[PDB]
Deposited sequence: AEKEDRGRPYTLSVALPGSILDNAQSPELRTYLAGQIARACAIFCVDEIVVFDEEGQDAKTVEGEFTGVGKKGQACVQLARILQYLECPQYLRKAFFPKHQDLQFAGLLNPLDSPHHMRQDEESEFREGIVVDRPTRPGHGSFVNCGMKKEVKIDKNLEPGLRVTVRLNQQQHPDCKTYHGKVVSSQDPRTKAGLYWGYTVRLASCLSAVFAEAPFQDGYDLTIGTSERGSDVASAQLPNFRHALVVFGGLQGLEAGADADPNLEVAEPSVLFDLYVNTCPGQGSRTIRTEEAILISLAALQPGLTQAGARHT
């Protein structure tokens, strides 16, 4: 039932600068968030391929990922427009009425006696009581007890990776800022790093011909208006050459494209669709 692999996507913040209005800038950020949610992307890495655009993108991505009942707690907000344009509707974004094995919550600032556990706002009709003693303001994943007229529901804090790794549920993404293209690779949140890296380009090899190797943590990387060339050339930590040398695979995911250029946000949907069968097979236990 569980999914043992992760999928990360990297792209440059600069793509917001190419948007033609403030409204379209915000919509574009939403397009990115939605593409990643649709394809059950676990991490979005926003890199500086050269600042403002990177930070604005990352913040919108985080806001959209956050369950609605937690947003006012984590975001000074009103971002509200971005959320209206492109809601994720992901499995952790359930309504108060819906039954769920897991829920995201925030530990509430309640005066408690040491050792007596904590109270969590999981967006339910009642607070959830947990045995772990945690600081108010932390975001946690709670597994609700199967057996529950008490003042609270009861649950236990579990790893935020449990819904995916144990139940096969998509549970949103984390957003990482990277100061350059080398940092996309170097500052992976996995000890082992990304063991399968895939770059994308019209100059890549045919995606249809590639055999994806078995993997645990995949990374798919996208460029902006000037391709992965911009990021590669700007970073002194990286080999000076065409970008294909920086990846395990470097693929064209739309053979015979009928437009001269495919935009980053279009390419993420096309590429993740093209790679989905392969990633599913190669990532399986």
Which bits of the deposited sequence have no atoms placed for their C-alpha? 1 to 5, 56 to 72, 101 to 102, 173 to 174, 312 to 313
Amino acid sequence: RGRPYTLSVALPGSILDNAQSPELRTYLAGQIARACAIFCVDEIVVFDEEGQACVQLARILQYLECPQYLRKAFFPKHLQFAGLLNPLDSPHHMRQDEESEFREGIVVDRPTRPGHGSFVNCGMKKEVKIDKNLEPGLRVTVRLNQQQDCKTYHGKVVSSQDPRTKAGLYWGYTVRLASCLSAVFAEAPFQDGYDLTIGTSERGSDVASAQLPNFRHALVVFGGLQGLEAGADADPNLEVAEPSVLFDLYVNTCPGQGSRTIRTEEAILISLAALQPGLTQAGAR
From here on, numbers count along this sequence of modelled residues.
Once you work out the mean C-alpha B-factor for both 232 to 240 and 219 to 227 from the entry, which is higher? 232 to 240
For the stretches 79 to 87 and 209 to 217, which has the higher mean C-alpha B-factor as given in the deposited record? 79 to 87
Could you tell me which one of 115, 105, 172, 204 shows the highest CA temperature factor in the PDB record? 115
Comparing C-alpha B-factors across 52, 257, 31, 253 in this entry, the winner is 52
Quick check for you: using the entry's CA B-factors within this chain, is residue 264 in the lowest, middle or highest third? lowest
Pull the Cα B-factor of residue 161 out of the PDB entry and bin it into the chain's lowest, middle or highest third. middle
CA B-factor placement of residue 96, once the chain's modelled residues are sorted into thirds: highest
Check where residue 146 lands among this chain's C-alpha B-factors and tell me if it's the lowest, middle or highest third. highest
By the record's CA B-factor, is residue 152 among the lowest, middle or highest third of residues in the chain? highest
